[PDB]
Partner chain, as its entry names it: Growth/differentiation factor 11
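Only one chain is included here, represented as structure tokens and corresponding to the form deposited without the partner chain.
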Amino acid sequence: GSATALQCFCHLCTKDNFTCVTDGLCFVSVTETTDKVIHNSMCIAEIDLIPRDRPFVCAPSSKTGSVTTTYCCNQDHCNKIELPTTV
């Protein structure tokens, strides 16, 4: 149950049930710049874990710019509802 199989509500899914089941985990990129607020939810596959040990993409040392609060979790459908504003 869950953990290895995550249905992460994703942005590009559309007819993919609005969510895609991953082999890795859930991942939302919330990057609110002065460009726009770029919040995109994706099902992060295990292959998409970069690096595979721990996707640093979920913790790129967001210091002040970009406001990139990356959601990564192993709960089902926890995608855009993980840690509240964690850089």
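Residue numbers count along the first chain shown, from 1.
Just so it is clear, the following notes concern the form deposited with the partner chain bound, a form of the same protein that is not shown.
A residue is said to contact a partner when one of its heavy atoms sits within 4.5 Å of a partner heavy atom; residue 61 meets this definition for the partner chain in the bound PDB entry. Although the partner is absent from this view, residue 35 stays clear of the partner chain in the bound PDB entry, with no non-hydrogen atom inside 4.5 angstroms. Heavy atoms closer than or equal to 4.5 Å to the partner chain in the bound PDB entry belong, across 35-67, to the residues 42, 50, 51, 53, 54, 56, 57, 59, 60, 61, 62, 63, ordered by sequence position.
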